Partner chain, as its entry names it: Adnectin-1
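First, one chain by itself: the form solved without the partner chain, in structure tokens.
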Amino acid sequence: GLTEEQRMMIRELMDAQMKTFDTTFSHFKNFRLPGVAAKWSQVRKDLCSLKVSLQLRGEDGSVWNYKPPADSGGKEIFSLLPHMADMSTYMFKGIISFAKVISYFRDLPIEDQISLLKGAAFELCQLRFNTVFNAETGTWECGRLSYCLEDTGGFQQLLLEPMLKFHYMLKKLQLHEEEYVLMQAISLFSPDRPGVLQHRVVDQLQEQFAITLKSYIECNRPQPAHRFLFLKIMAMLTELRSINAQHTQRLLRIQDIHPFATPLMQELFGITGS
């Protein structure tokens, strides 16, 4: 029951997703790995909230496993930062390529493209990561890389971290590929990001992506479990925006006392190099 324009709109987004999302992470390579005063207290809280072990499955059948150190009041809490910087950079590139393929994005002024990507790159990265999240094992399955949440409390204590609660709650909605990519579009075309000039154009595009999503759900999900699903998704996007703001401040705090951001991360977060 979608209109012609809505069916074309979903197809272009699905097309962009297919072309730019390396779902097996086969081209993520050359990444760094861990080696073989009230600020620090806050940075310690910042880093200790998302602790993961790492596994690497070699193409030959070998397996490397990394278990992170406990916080002992030292630099060891930074040991996974270079690797995560490389992974974030890889995802950011796919997100930039995603936006560039979309006609509605490419027709915006170049200054607004940059402002929208700076505002939504993290959110779109999280949305893509959720599609490889395994909620039963607490693992992001990134092809031959796996990131497994470290035990602690149990899961209920882990779900107090908002980013982890977001991933579990979003996964439980059991969304289709089309609903994920419409969420990426609504997030990308947010008219209220810092520096956006064509505010009215972006707002109208966002409204159309949300209408298409509302219509998609109504045409393809009649089950009582999916009542209010559209409103649940919009609430998740509002929460993802809040998480985006928390993560930025948390990144800038860590960067203030222990630099790690790659050049592309610096560009996206307003770090000038000076």
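Positions refer to the first chain, counted from 1. Note that the rigid core is defined as the largest set of C-alphas that superpose within 1.5 Å between two forms. Shifts are known only where both forms have a C-alpha.
Unshown form deposited with the partner chain bound; subsequent notes refer to it.
K.L.:
Establish, in the entry with it bound, whether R44, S49 and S88 all lie within 4.5 Å of the partner chain, using non-hydrogen atoms for the distance.
P.N.:
Looking in the entry with it bound, the three residues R44, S49 and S88 all stay beyond 4.5 Å of the partner chain (heavy atoms).
K.L.:
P263: heavy atom within 4.5 Å of the partner chain in the entry with it bound?
P.N.:
Heavy-atom contact with the partner chain at 4.5 Å: present for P263.
K.L.:
Might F105 be said to contact the partner chain in the entry with it bound, defining contact as any heavy atom within 4.5 Å?
P.N.:
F105 belongs to the contact set for the partner chain.
K.L.:
Using heavy atoms and a 4.5 Å limit, would one call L117 a contact residue for the partner chain in the entry with it bound?
P.N.:
Yes - in the entry with it bound, heavy atoms of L117 and the partner chain come within 4.5 Å of each other.
K.L.:
Answer with yes or no whether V101 is in contact with the partner chain in the entry with it bound, where contact means some heavy atom within 4.5 Å.
P.N.:
Judged by the heavy-atom cut-off of 4.5 Å, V101 is in contact with the partner chain in the entry with it bound.
K.L.:
Can you work out which of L158, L81, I96, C125 has a heavy atom no more than 4.5 Å from the partner chain in the entry with it bound?
P.N.:
For this set of options, the contacting one is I96.
K.L.:
Can you tell which of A70, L231, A245, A225 moves its Cα by 2 Å or more between the shown form and the other one, with the two forms laid on the rigid core?
P.N.:
Of all the options, the C-alpha that shifts by at least 2 Å belongs to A225.
K.L.:
Where exactly does the backbone move between the shown form and the other one? Looking for runs of 3+ consecutive residues, each with a CA shift of 2 angstroms or more after core alignment.
P.N.:
Moving stretches, in sequence order: 153-156, 223-225.
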